[PDB]
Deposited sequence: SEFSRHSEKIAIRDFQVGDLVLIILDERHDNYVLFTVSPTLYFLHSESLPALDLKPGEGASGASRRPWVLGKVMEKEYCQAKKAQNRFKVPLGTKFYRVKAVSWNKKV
């Protein structure tokens, strides 16, 4: 049976996607200090854009990014390195 990954995420992982008020974004639940933001494109198919506080998902791609302006949609400091992931619905 599948289990939820909690760090070092890869494509195909079952993940827990939670709303992060501080960062105004959905993120992957993780025990690492590193941020994994849910790609905007993924929100409609996951029923997270009319919000719902969580949903299970399966990572479908993963991108390593870096914030180049102090104001950004992720609310992270200038220069922050972070990941953006696309995820789709998962069901048992």
TODO: Could you list the ranges of the deposited sequence that have no C-alpha atoms in the model?
DONE: 1 to 6, 57 to 64, 107 to 108
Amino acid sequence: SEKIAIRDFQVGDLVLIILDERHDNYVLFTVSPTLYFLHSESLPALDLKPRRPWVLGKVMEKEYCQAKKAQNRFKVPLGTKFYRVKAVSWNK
From here on, numbers count along this sequence of modelled residues.
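Take the two forms, superpose them, and find the largest set of C-alpha atoms that agree within 1.5 Å; that set is the rigid core.
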Open item on the list: I'd like to know which segment deviates more from the shown structure in 9 other deposited structures of this protein: 81 to 89 or 2 to 10, using C-alpha RMS over all structures and residues after a core fit.
Closed with: 2 to 10
Task: Higher-B stretch (mean Cα B-factor, as the entry records it), 7 to 15 or 66 to 74 - done: 66 to 74
TODO: On mean C-alpha B-factor from the PDB entry, just flag whether 40 to 48 or 26 to 34 is the higher one.
DONE: 40 to 48
Open item on the list: For the chain shown, is the CA B-factor of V85 in the lowest, middle or highest third of its modelled residues?
Closed with: lowest
